[PDB]
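Chemist: After the structure tokens below, expect a handful of questions from me.
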Amino acid sequence: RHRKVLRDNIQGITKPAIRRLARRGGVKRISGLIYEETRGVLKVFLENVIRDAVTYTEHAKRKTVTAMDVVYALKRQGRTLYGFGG
Amino acid sequence: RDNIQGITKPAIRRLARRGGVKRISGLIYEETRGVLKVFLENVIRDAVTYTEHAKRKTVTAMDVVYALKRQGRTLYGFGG
Amino acid sequence: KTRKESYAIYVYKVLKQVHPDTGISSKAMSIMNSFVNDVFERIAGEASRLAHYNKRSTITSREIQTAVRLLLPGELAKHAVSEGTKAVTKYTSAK
Amino acid sequence: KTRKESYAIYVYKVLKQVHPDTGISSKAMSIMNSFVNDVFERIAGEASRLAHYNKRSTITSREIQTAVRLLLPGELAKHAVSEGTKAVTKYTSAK
Amino acid sequence: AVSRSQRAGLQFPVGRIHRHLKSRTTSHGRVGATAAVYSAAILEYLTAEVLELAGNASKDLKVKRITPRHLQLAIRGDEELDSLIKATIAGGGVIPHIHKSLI
Amino acid sequence: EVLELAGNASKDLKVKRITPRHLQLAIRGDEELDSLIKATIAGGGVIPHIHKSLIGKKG
Amino acid sequence: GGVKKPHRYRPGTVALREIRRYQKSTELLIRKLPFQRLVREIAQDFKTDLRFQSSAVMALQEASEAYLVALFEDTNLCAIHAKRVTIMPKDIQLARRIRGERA
Amino acid sequence: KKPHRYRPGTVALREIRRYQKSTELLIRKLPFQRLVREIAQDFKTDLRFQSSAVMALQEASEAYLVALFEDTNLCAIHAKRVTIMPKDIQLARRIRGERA
DNA sequence: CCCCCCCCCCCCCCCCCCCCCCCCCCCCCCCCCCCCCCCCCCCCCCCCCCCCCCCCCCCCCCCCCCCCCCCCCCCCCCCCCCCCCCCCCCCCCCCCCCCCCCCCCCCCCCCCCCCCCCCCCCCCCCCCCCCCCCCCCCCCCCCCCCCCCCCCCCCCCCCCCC
DNA sequence: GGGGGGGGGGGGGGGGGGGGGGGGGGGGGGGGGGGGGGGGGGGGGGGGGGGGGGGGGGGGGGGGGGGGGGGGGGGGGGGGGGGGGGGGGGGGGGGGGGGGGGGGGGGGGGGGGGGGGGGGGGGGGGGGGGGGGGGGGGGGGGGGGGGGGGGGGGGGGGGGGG
């Protein structure tokens, strides 16, 4: 029976988290503009994946997005994932 | 004269131009040839595997088309 | 000599409604036929995967529809779906 | 019903043969389970088309072999083909 | 009564694999006697190859259980397995590497 | 949708028959079809284009 | 000086220390709750009233970090090709144009 | 005698225009046919080829190399050059996932 | 000419000054929770065994089309001269990394209720199958028509050089 | 700026490969109606999992400041393609024997279908027990503060004598 409005959660991918991801990817020095670029690139990637996952969910007339939905959506886009299904 | 050298600088130069390339280093010619050899090996290997399975001795356009598709390099205009 | 089915005459009919005075070369028709075969394959394939994910055996127009939403980019999908609902309707209502 | 098939008991058997004193975490078994399903879907898929292209309706051990030569990298293919062959020959030697 | 797996000298389930092929059939599709046998052998062999290498890695790390990290070192580490397995392995991280010009 | 764009591509060239080149022009020229059709169109060539930095003489 | 110059690593030394560290571990590098809200927010803007199995969200996080990390390796190759050690937006864009993506 | 010379880069731009305008094949045919047959000979002997098969292989190869030259050029330009070099082809194949 | 012995001159190659407080790192150690691990049935599930089709192979027949050749036609390779371009170095400012400090929001642990989803069970609208009727599309053969595309002529514009 | 030499464009034209329009066929789709069977939707039903709410605390995050570093810019140089002119042996188009690519038509192992049956995974549920990771506790390093010649080891002149 209540609420809470989600806004600007992309800023939750913080500068330290982006730096950690770059370190694992072997990056040594990061310019100041990389952070807003990474956020934009992550938003698009998730939009494309969430869009397909939610399409499988609705098709099945469910209201719950399942790990399988995500796994089939990742597969359709050529990004197979192992560890939940594939 | 080795066959791979039948793919000549002039032909390689024309492909680059269609690719919008303006100036070409001299080492590019051997590199392009290696790249084409690998591409052709990957595709012919799959085409010939379809031929043998069909028990023929003639590689057909379809065998090449199914080989290209398998590799994510779908081609239109030759059947299939 | 065994018959090779093709979509050529149907592609030509659609061509005529679209540009009544335009033609199409042989090599171009071959390309269109490859294009039509390719799209039907991607669509039936997704639709049967949909059916299987949902433990079902029938490929209904509803699977074809979700498959189109998964395969086509926004606008193309908007109109395509629209063209699909419209053919089914006109066909459902008949004798 | 509710019972879901898994390849985990079979993966454990194979692990015991190659590393008798080695275990596998559940996360790791989950990955192996996905890996096996993935490879099987890929082989059956190639075998089907392969059959299709040849106007055949039966998927035999011959289609599976060609499917395997198309899917695995050079050396993995040779060893897999020889293990496939060995198991067919033995199987038919009992009937 | 000997199982088809036992009859083929395999650990992977032939009967089940045969069942799964019959249902991915395609209408009037038929599945030959030996197709499932050959399939179970390819599957068991690939599985054996991946575990052999993961198990070596869990061992060079003085540890008993294979983890996703071990599966990932084993797969990225082998040219052919790396080529065959493009999937993302959850929890496997990456192979350590730093470009010489950064050092 | 494709015949319509390929058909325009040929009329704007004052020709009567749609060719592979016309199909390549229509497809790579539309964001949505380009995205949907990744196949190589035999005989289509590429869209003309020269990078600004190669075009020059500069001043 | 008195207690003399307080020790200071040179720029780059801690960064290399960091690559060695994160490259050998496997944990998720983005905080969990904030990543869950980002997921709920994007989902909501497509269809309201959706629920999520917690593992569905974990699957999207693993996929996302695996996608970003591989994109930073490619971006790092574009920077070095340009004789820099600093990745820039143009490096990320070059990597995505060649990968055949866009946005 | 007749002293007329175009500046380095002028004919080159003319070629880019001419070749992006056209659609014909650019590798001479027999040489390509020979290369194909030789590569095939290592996978199976006494092989024959439909004519349409060799043609499909040539259309696929040229579309592939042309597209590889476009990415290669982007890498040279990224490095502030206008001359493509082997390291640009390499960077481009590496990112495409082809590795070699 | 030419060559050979100087002659600086970096240059790279250890080398010899001191780190030095983190930085791992490696061994040890210990709770802990999850991973097995029996039990416990049990629906499943895979094997067998006739009984009945059946599709595929295989030899044969057919016959376009592949290779090969000859005659005719064309792209390639070339050595050379030129100039720009890539590379290298130097210079400089800006920017980003290291460190510090303070803070707080993510995490962890619990539970709990309610949604919602799966599973089963019931029911029935819907699809398949079948035979019959029919139309029918791909093919062959044909064969008149035609859009194209290379070519030509004339003119305009651009580029390079002076 | 002008000439001087080119390419390029525009409009027009012609033949010929390509396309089309025609007739004809026939095994094969296509459609019909009728019958029977089957997939599935609703409708509970019960259980399982997901937000949600609570509280406590420390690691994560943010901001700030400073300095070192790194990127950009500019210049210069030597060097490496571009352009040019020149030369020529294979490639290209057309024609023709020959060999598999289809096309066909069976028959037989092989595969399915049906029925029965005995194992075979598969959750579920305590329950014990057992690797593991984190925490601790020392221990052996690579570089930040640079460092300071000191050697071999070419290297490139340089100059002078032979």
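In the structure tokens, the first chain shown is A, the next is B, and so on; residue numbers restart at 1 for each chain, and ligands run from 1 in the order shown.
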For the reference chain D, what are the coordinates of chain C after least-squares fitting (all Cα, in-order pairing), as an mmCIF file with N, CA and C atoms, in the first residue's frame?
Modeler:
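The resulting file, part.cif, is reproduced below:
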```cif
data_model
loop_
_atom_site.group_PDB
_atom_site.id
_atom_site.type_symbol
_atom_site.label_atom_id
_atom_site.label_comp_id
_atom_site.auth_asym_id
_atom_site.auth_seq_id
_atom_site.Cartn_x
_atom_site.Cartn_y
_atom_site.Cartn_z
ATOM 1 N N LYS C 1 6.086 -31.783 -6.216
ATOM 2 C CA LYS C 1 7.092 -30.846 -6.815
ATOM 3 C C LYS C 1 7.771 -31.469 -8.045
ATOM 4 N N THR C 2 7.547 -30.870 -9.215
ATOM 5 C CA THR C 2 8.072 -31.369 -10.480
ATOM 6 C C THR C 2 9.606 -31.444 -10.659
ATOM 7 N N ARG C 3 10.041 -32.633 -11.086
ATOM 8 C CA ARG C 3 11.437 -32.993 -11.322
ATOM 9 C C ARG C 3 12.226 -32.183 -12.363
ATOM 10 N N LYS C 4 13.338 -31.593 -11.934
ATOM 11 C CA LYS C 4 14.218 -30.884 -12.861
ATOM 12 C C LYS C 4 15.364 -31.853 -13.161
ATOM 13 N N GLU C 5 15.489 -32.296 -14.408
ATOM 14 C CA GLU C 5 16.595 -33.174 -14.753
ATOM 15 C C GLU C 5 17.870 -32.351 -14.752
ATOM 16 N N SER C 6 18.987 -33.003 -14.484
ATOM 17 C CA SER C 6 20.287 -32.319 -14.452
ATOM 18 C C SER C 6 21.343 -33.308 -14.858
ATOM 19 N N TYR C 7 22.530 -32.838 -15.195
ATOM 20 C CA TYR C 7 23.581 -33.769 -15.595
ATOM 21 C C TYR C 7 24.525 -33.951 -14.440
ATOM 22 N N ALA C 8 24.258 -33.242 -13.351
ATOM 23 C CA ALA C 8 25.112 -33.334 -12.151
ATOM 24 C C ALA C 8 25.633 -34.710 -11.722
ATOM 25 N N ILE C 9 24.785 -35.724 -11.551
ATOM 26 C CA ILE C 9 25.387 -36.985 -11.118
ATOM 27 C C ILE C 9 26.312 -37.586 -12.168
ATOM 28 N N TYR C 10 26.059 -37.340 -13.446
ATOM 29 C CA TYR C 10 26.949 -37.902 -14.432
ATOM 30 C C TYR C 10 28.199 -37.067 -14.493
ATOM 31 N N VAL C 11 28.084 -35.776 -14.223
ATOM 32 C CA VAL C 11 29.295 -34.960 -14.242
ATOM 33 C C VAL C 11 30.195 -35.441 -13.080
ATOM 34 N N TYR C 12 29.576 -35.703 -11.919
ATOM 35 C CA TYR C 12 30.288 -36.183 -10.726
ATOM 36 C C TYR C 12 30.956 -37.527 -10.963
ATOM 37 N N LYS C 13 30.306 -38.430 -11.684
ATOM 38 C CA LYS C 13 30.930 -39.722 -11.974
ATOM 39 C C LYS C 13 32.152 -39.478 -12.828
ATOM 40 N N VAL C 14 32.016 -38.672 -13.888
ATOM 41 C CA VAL C 14 33.163 -38.418 -14.750
ATOM 42 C C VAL C 14 34.245 -37.766 -13.959
ATOM 43 N N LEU C 15 33.857 -36.921 -13.017
ATOM 44 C CA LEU C 15 34.858 -36.257 -12.176
ATOM 45 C C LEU C 15 35.705 -37.306 -11.442
ATOM 46 N N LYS C 16 35.039 -38.280 -10.802
ATOM 47 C CA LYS C 16 35.695 -39.357 -10.035
ATOM 48 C C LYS C 16 36.705 -40.189 -10.807
ATOM 49 N N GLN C 17 36.429 -40.511 -12.065
ATOM 50 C CA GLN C 17 37.430 -41.230 -12.852
ATOM 51 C C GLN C 17 38.630 -40.308 -13.155
ATOM 52 N N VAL C 18 38.396 -39.012 -13.170
ATOM 53 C CA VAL C 18 39.443 -38.099 -13.566
ATOM 54 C C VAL C 18 40.333 -37.622 -12.448
ATOM 55 N N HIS C 19 39.772 -37.400 -11.280
ATOM 56 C CA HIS C 19 40.545 -36.938 -10.128
ATOM 57 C C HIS C 19 39.762 -37.543 -8.998
ATOM 58 N N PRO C 20 39.973 -38.846 -8.756
ATOM 59 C CA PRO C 20 39.275 -39.619 -7.713
ATOM 60 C C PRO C 20 39.213 -38.965 -6.371
ATOM 61 N N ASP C 21 40.184 -38.116 -6.036
ATOM 62 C CA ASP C 21 40.143 -37.475 -4.723
ATOM 63 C C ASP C 21 39.703 -35.996 -4.699
ATOM 64 N N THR C 22 39.177 -35.496 -5.821
ATOM 65 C CA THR C 22 38.743 -34.090 -5.918
ATOM 66 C C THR C 22 37.233 -33.924 -5.797
ATOM 67 N N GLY C 23 36.798 -32.784 -5.283
ATOM 68 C CA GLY C 23 35.377 -32.516 -5.160
ATOM 69 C C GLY C 23 34.942 -31.429 -6.136
ATOM 70 N N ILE C 24 33.744 -30.880 -5.968
ATOM 71 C CA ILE C 24 33.274 -29.832 -6.863
ATOM 72 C C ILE C 24 32.186 -29.067 -6.148
ATOM 73 N N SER C 25 32.319 -27.750 -6.099
ATOM 74 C CA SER C 25 31.345 -26.937 -5.398
ATOM 75 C C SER C 25 30.021 -26.823 -6.137
ATOM 76 N N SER C 26 28.986 -26.448 -5.409
ATOM 77 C CA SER C 26 27.669 -26.303 -5.976
ATOM 78 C C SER C 26 27.619 -25.347 -7.178
ATOM 79 N N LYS C 27 28.198 -24.169 -6.996
ATOM 80 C CA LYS C 27 28.227 -23.191 -8.059
ATOM 81 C C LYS C 27 29.007 -23.719 -9.233
ATOM 82 N N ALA C 28 30.026 -24.544 -8.976
ATOM 83 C CA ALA C 28 30.795 -25.110 -10.070
ATOM 84 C C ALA C 28 29.979 -26.170 -10.804
ATOM 85 N N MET C 29 29.179 -26.925 -10.080
ATOM 86 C CA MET C 29 28.384 -27.964 -10.724
ATOM 87 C C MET C 29 27.314 -27.316 -11.616
ATOM 88 N N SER C 30 26.809 -26.184 -11.171
ATOM 89 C CA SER C 30 25.771 -25.510 -11.912
ATOM 90 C C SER C 30 26.402 -25.070 -13.251
ATOM 91 N N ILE C 31 27.641 -24.575 -13.191
ATOM 92 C CA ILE C 31 28.307 -24.171 -14.407
ATOM 93 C C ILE C 31 28.485 -25.354 -15.314
ATOM 94 N N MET C 32 29.018 -26.469 -14.818
ATOM 95 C CA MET C 32 29.188 -27.648 -15.680
ATOM 96 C C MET C 32 27.854 -28.088 -16.332
ATOM 97 N N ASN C 33 26.775 -28.122 -15.567
ATOM 98 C CA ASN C 33 25.491 -28.480 -16.126
ATOM 99 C C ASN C 33 25.096 -27.493 -17.280
ATOM 100 N N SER C 34 25.313 -26.190 -17.095
ATOM 101 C CA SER C 34 25.006 -25.231 -18.158
ATOM 102 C C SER C 34 25.879 -25.591 -19.368
ATOM 103 N N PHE C 35 27.159 -25.898 -19.125
ATOM 104 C CA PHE C 35 28.054 -26.261 -20.205
ATOM 105 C C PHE C 35 27.602 -27.503 -20.946
ATOM 106 N N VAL C 36 27.169 -28.521 -20.224
ATOM 107 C CA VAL C 36 26.750 -29.702 -20.931
ATOM 108 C C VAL C 36 25.480 -29.425 -21.746
ATOM 109 N N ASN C 37 24.511 -28.709 -21.172
ATOM 110 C CA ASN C 37 23.284 -28.402 -21.916
ATOM 111 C C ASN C 37 23.559 -27.559 -23.160
ATOM 112 N N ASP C 38 24.423 -26.550 -23.014
ATOM 113 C CA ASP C 38 24.789 -25.739 -24.123
ATOM 114 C C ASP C 38 25.415 -26.612 -25.246
ATOM 115 N N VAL C 39 26.420 -27.443 -24.942
ATOM 116 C CA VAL C 39 27.026 -28.208 -26.019
ATOM 117 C C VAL C 39 26.070 -29.190 -26.666
ATOM 118 N N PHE C 40 25.189 -29.814 -25.898
ATOM 119 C CA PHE C 40 24.297 -30.748 -26.543
ATOM 120 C C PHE C 40 23.383 -29.950 -27.489
ATOM 121 N N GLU C 41 22.877 -28.803 -27.052
ATOM 122 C CA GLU C 41 22.028 -28.013 -27.927
ATOM 123 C C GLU C 41 22.745 -27.615 -29.226
ATOM 124 N N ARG C 42 23.953 -27.032 -29.142
ATOM 125 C CA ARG C 42 24.625 -26.673 -30.399
ATOM 126 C C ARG C 42 24.799 -27.920 -31.307
ATOM 127 N N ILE C 43 25.100 -29.058 -30.716
ATOM 128 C CA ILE C 43 25.270 -30.242 -31.540
ATOM 129 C C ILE C 43 23.982 -30.803 -32.151
ATOM 130 N N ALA C 44 22.916 -30.923 -31.384
ATOM 131 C CA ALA C 44 21.706 -31.475 -31.989
ATOM 132 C C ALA C 44 21.211 -30.497 -33.032
ATOM 133 N N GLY C 45 21.343 -29.211 -32.732
ATOM 134 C CA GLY C 45 20.914 -28.211 -33.707
ATOM 135 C C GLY C 45 21.672 -28.325 -35.022
ATOM 136 N N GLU C 46 23.001 -28.362 -34.993
ATOM 137 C CA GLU C 46 23.680 -28.493 -36.268
ATOM 138 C C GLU C 46 23.307 -29.807 -36.954
ATOM 139 N N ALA C 47 23.244 -30.878 -36.181
ATOM 140 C CA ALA C 47 22.929 -32.153 -36.781
ATOM 141 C C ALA C 47 21.574 -32.150 -37.417
ATOM 142 N N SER C 48 20.598 -31.467 -36.843
ATOM 143 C CA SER C 48 19.327 -31.524 -37.567
ATOM 144 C C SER C 48 19.383 -30.564 -38.771
ATOM 145 N N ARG C 49 20.119 -29.469 -38.685
ATOM 146 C CA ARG C 49 20.249 -28.637 -39.871
ATOM 147 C C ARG C 49 20.920 -29.534 -40.958
ATOM 148 N N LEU C 50 21.999 -30.248 -40.624
ATOM 149 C CA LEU C 50 22.605 -31.129 -41.621
ATOM 150 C C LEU C 50 21.563 -32.033 -42.276
ATOM 151 N N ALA C 51 20.779 -32.738 -41.456
ATOM 152 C CA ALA C 51 19.731 -33.629 -41.954
ATOM 153 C C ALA C 51 18.803 -32.896 -42.958
ATOM 154 N N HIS C 52 18.320 -31.721 -42.565
ATOM 155 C CA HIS C 52 17.447 -30.936 -43.419
ATOM 156 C C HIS C 52 18.133 -30.518 -44.729
ATOM 157 N N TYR C 53 19.389 -30.057 -44.682
ATOM 158 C CA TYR C 53 20.061 -29.655 -45.925
ATOM 159 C C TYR C 53 20.045 -30.797 -46.877
ATOM 160 N N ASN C 54 20.213 -32.000 -46.365
ATOM 161 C CA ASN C 54 20.237 -33.139 -47.246
ATOM 162 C C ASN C 54 18.919 -33.850 -47.462
ATOM 163 N N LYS C 55 17.818 -33.124 -47.301
ATOM 164 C CA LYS C 55 16.528 -33.742 -47.544
ATOM 165 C C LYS C 55 16.380 -35.126 -46.875
ATOM 166 N N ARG C 56 16.783 -35.237 -45.607
ATOM 167 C CA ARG C 56 16.686 -36.482 -44.863
ATOM 168 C C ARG C 56 15.957 -36.234 -43.558
ATOM 169 N N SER C 57 15.433 -37.303 -42.992
ATOM 170 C CA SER C 57 14.646 -37.233 -41.766
ATOM 171 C C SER C 57 15.298 -37.857 -40.538
ATOM 172 N N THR C 58 16.346 -38.639 -40.736
ATOM 173 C CA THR C 58 16.999 -39.294 -39.614
ATOM 174 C C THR C 58 18.293 -38.629 -39.142
ATOM 175 N N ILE C 59 18.392 -38.423 -37.841
ATOM 176 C CA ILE C 59 19.600 -37.891 -37.274
ATOM 177 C C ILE C 59 20.380 -39.154 -36.930
ATOM 178 N N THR C 60 21.414 -39.442 -37.702
ATOM 179 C CA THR C 60 22.241 -40.629 -37.451
ATOM 180 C C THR C 60 23.556 -40.203 -36.837
ATOM 181 N N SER C 61 24.358 -41.159 -36.417
ATOM 182 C CA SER C 61 25.632 -40.821 -35.799
ATOM 183 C C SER C 61 26.533 -40.087 -36.826
ATOM 184 N N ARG C 62 26.256 -40.267 -38.096
ATOM 185 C CA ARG C 62 27.046 -39.584 -39.105
ATOM 186 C C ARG C 62 26.814 -38.024 -39.080
ATOM 187 N N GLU C 63 25.600 -37.577 -38.755
ATOM 188 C CA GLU C 63 25.315 -36.153 -38.671
ATOM 189 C C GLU C 63 25.974 -35.626 -37.383
ATOM 190 N N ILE C 64 25.898 -36.416 -36.307
ATOM 191 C CA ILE C 64 26.441 -35.984 -35.040
ATOM 192 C C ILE C 64 27.912 -35.773 -35.261
ATOM 193 N N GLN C 65 28.484 -36.645 -36.077
ATOM 194 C CA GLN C 65 29.908 -36.576 -36.356
ATOM 195 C C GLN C 65 30.360 -35.337 -37.171
ATOM 196 N N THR C 66 29.642 -35.012 -38.251
ATOM 197 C CA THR C 66 29.959 -33.844 -39.049
ATOM 198 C C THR C 66 29.726 -32.606 -38.157
ATOM 199 N N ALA C 67 28.638 -32.607 -37.379
ATOM 200 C CA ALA C 67 28.372 -31.490 -36.484
ATOM 201 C C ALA C 67 29.559 -31.249 -35.517
ATOM 202 N N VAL C 68 30.182 -32.333 -35.011
ATOM 203 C CA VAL C 68 31.320 -32.190 -34.108
ATOM 204 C C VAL C 68 32.507 -31.562 -34.899
ATOM 205 N N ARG C 69 32.707 -32.013 -36.128
ATOM 206 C CA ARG C 69 33.761 -31.420 -36.922
ATOM 207 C C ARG C 69 33.484 -29.933 -37.206
ATOM 208 N N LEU C 70 32.232 -29.541 -37.280
ATOM 209 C CA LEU C 70 31.920 -28.140 -37.520
ATOM 210 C C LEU C 70 32.009 -27.316 -36.242
ATOM 211 N N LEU C 71 31.739 -27.911 -35.088
ATOM 212 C CA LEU C 71 31.718 -27.170 -33.824
ATOM 213 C C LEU C 71 32.960 -27.097 -32.967
ATOM 214 N N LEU C 72 33.802 -28.117 -33.027
ATOM 215 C CA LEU C 72 34.980 -28.172 -32.179
ATOM 216 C C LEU C 72 36.234 -27.840 -32.918
ATOM 217 N N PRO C 73 37.174 -27.214 -32.224
ATOM 218 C CA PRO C 73 38.486 -26.807 -32.737
ATOM 219 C C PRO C 73 39.393 -28.034 -32.834
ATOM 220 N N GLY C 74 40.027 -28.176 -33.992
ATOM 221 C CA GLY C 74 40.950 -29.259 -34.285
ATOM 222 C C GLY C 74 41.196 -30.431 -33.357
ATOM 223 N N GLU C 75 42.057 -30.280 -32.361
ATOM 224 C CA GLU C 75 42.369 -31.400 -31.481
ATOM 225 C C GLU C 75 41.164 -31.940 -30.716
ATOM 226 N N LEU C 76 40.410 -31.028 -30.152
ATOM 227 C CA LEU C 76 39.228 -31.385 -29.418
ATOM 228 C C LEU C 76 38.396 -32.277 -30.355
ATOM 229 N N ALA C 77 38.229 -31.853 -31.612
ATOM 230 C CA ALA C 77 37.440 -32.646 -32.538
ATOM 231 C C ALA C 77 38.055 -33.999 -32.824
ATOM 232 N N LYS C 78 39.362 -34.020 -33.069
ATOM 233 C CA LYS C 78 40.092 -35.277 -33.330
ATOM 234 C C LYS C 78 39.721 -36.331 -32.241
ATOM 235 N N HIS C 79 40.027 -36.030 -30.982
ATOM 236 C CA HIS C 79 39.707 -36.924 -29.876
ATOM 237 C C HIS C 79 38.223 -37.210 -29.692
ATOM 238 N N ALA C 80 37.384 -36.169 -29.761
ATOM 239 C CA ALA C 80 35.958 -36.366 -29.596
ATOM 240 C C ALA C 80 35.439 -37.381 -30.597
ATOM 241 N N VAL C 81 35.782 -37.221 -31.879
ATOM 242 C CA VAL C 81 35.345 -38.141 -32.927
ATOM 243 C C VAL C 81 35.805 -39.531 -32.545
ATOM 244 N N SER C 82 37.073 -39.586 -32.197
ATOM 245 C CA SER C 82 37.683 -40.820 -31.775
ATOM 246 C C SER C 82 36.837 -41.405 -30.591
ATOM 247 N N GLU C 83 36.495 -40.610 -29.585
ATOM 248 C CA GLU C 83 35.690 -41.138 -28.493
ATOM 249 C C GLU C 83 34.312 -41.610 -28.970
ATOM 250 N N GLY C 84 33.799 -40.945 -29.996
ATOM 251 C CA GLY C 84 32.495 -41.300 -30.507
ATOM 252 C C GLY C 84 32.526 -42.603 -31.265
ATOM 253 N N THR C 85 33.451 -42.756 -32.203
ATOM 254 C CA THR C 85 33.490 -43.997 -32.972
ATOM 255 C C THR C 85 33.644 -45.190 -32.000
ATOM 256 N N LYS C 86 34.484 -44.997 -30.992
ATOM 257 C CA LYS C 86 34.765 -46.000 -29.977
ATOM 258 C C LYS C 86 33.546 -46.425 -29.120
ATOM 259 N N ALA C 87 32.629 -45.516 -28.817
ATOM 260 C CA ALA C 87 31.466 -45.897 -28.056
ATOM 261 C C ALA C 87 30.516 -46.642 -28.979
ATOM 262 N N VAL C 88 30.331 -46.141 -30.197
ATOM 263 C CA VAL C 88 29.405 -46.816 -31.086
ATOM 264 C C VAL C 88 29.858 -48.234 -31.334
ATOM 265 N N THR C 89 31.121 -48.403 -31.699
ATOM 266 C CA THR C 89 31.653 -49.742 -31.921
ATOM 267 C C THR C 89 31.320 -50.657 -30.730
ATOM 268 N N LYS C 90 31.846 -50.338 -29.550
ATOM 269 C CA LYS C 90 31.578 -51.137 -28.357
ATOM 270 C C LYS C 90 30.091 -51.387 -28.124
ATOM 271 N N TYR C 91 29.239 -50.483 -28.573
ATOM 272 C CA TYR C 91 27.819 -50.696 -28.372
ATOM 273 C C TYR C 91 27.236 -51.589 -29.496
ATOM 274 N N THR C 92 27.686 -51.396 -30.738
ATOM 275 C CA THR C 92 27.198 -52.185 -31.881
ATOM 276 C C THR C 92 27.445 -53.664 -31.625
ATOM 277 N N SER C 93 28.609 -53.951 -31.056
ATOM 278 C CA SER C 93 29.015 -55.319 -30.754
ATOM 279 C C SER C 93 28.584 -55.684 -29.338
ATOM 280 N N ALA C 94 27.341 -56.116 -29.186
ATOM 281 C CA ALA C 94 26.829 -56.487 -27.874
ATOM 282 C C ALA C 94 25.523 -57.278 -27.969
ATOM 283 N N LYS C 95 24.928 -57.529 -26.798
ATOM 284 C CA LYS C 95 23.666 -58.277 -26.644
ATOM 285 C C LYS C 95 22.722 -57.599 -25.633
#
```
Chemist: With only C-alpha atoms counted and 6 Å as the cut-off, give the residues of chain G in contact with chain A, each with its shortest interatomic distance in Å and the pair that gives it, as CSV.
Modeler:
```
residue,atom,partner,partner_atom,distance
G:15,CA,A:28,CA,5.8
G:19,CA,A:23,CA,4.5
G:22,CA,A:24,CA,5.0
G:23,CA,A:24,CA,4.7
G:30,CA,A:17,CA,5.3
G:34,CA,A:12,CA,5.1
G:38,CA,A:9,CA,5.0
G:41,CA,A:6,CA,5.6
G:50,CA,A:63,CA,5.4
G:51,CA,A:64,CA,4.5
G:52,CA,A:65,CA,4.9
G:53,CA,A:66,CA,5.4
G:55,CA,A:67,CA,5.6
G:56,CA,A:67,CA,3.7
G:69,CA,A:25,CA,4.8
G:72,CA,A:25,CA,5.2
G:73,CA,A:25,CA,4.9
G:86,CA,A:29,CA,4.5
G:87,CA,A:30,CA,5.3
G:88,CA,A:31,CA,5.6
G:89,CA,A:34,CA,5.6
```
Chemist: Taking the chain letters and numbering used in this document, name the residues of chain D that DSSP puts in strand (DSSP E), as a ChimeraX atom specification.
Modeler: /D:23-24,58-59
Chemist: Which of chain F end up as alpha helix (DSSP H) when DSSP is run on this backbone - answer as a count of residues only?
Modeler: 26
Chemist: If you count only C-alpha atoms (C1' of nucleotides), which residues fall within 9 Å of residue 99 (chain E), apart from same-chain ones fewer than 2 positions away, as an NGL selection string?
Modeler: (:A and (26)) or (:E and (97 or 101-103)) or (:G and (77 or 80))
Chemist: Write out as CSV the residues of chain H that have any atom within 9 Å of an atom of chain I, one row each with the nearest atom pair and its distance in Å to one decimal, counting only C-alpha atoms (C1' of nucleotides), sorted by chain and then rising number.
Modeler:
```
residue,atom,partner,partner_atom,distance
H:4,CA,I:160,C1',7.7
H:5,CA,I:160,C1',7.5
H:6,CA,I:160,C1',6.9
H:7,CA,I:160,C1',8.0
H:8,CA,I:84,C1',7.7
H:28,CA,I:75,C1',8.8
H:48,CA,I:66,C1',7.1
H:49,CA,I:66,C1',7.3
H:50,CA,I:66,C1',7.1
H:51,CA,I:66,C1',8.1
H:81,CA,I:86,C1',7.6
H:82,CA,I:85,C1',8.8
H:83,CA,I:86,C1',8.8
```
Chemist: Residues of chain J were defined as contacting chain E if any atom lay at most 12 Å from it, counting only C-alpha atoms (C1' of nucleotides); please report them as a list in words.
Modeler: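 Only these qualify: residues 109, 110, 111, 112, 117, 118, 119, 120, 121, 130, 131, 132 and 133 of chain J.
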Chemist: Tell me, as a ChimeraX atom specification, which residues lie within 10 Å of residue 90 (chain H), counting only C-alpha atoms (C1' of nucleotides); anything in the same chain fewer than 3 positions away does not count.
Modeler: /B:31,35 /H:72,75,85-87,93-96,98-100
Chemist: Find the spatial neighbours of residue 56 (chain F), counting only C-alpha atoms (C1' of nucleotides), within a cut-off of 12 Å - ignore same-chain residues fewer than 3 positions away - and output them as a ChimeraX atom specification.
Modeler: /B:22 /F:50-53,59 /H:7-10,12-13,82
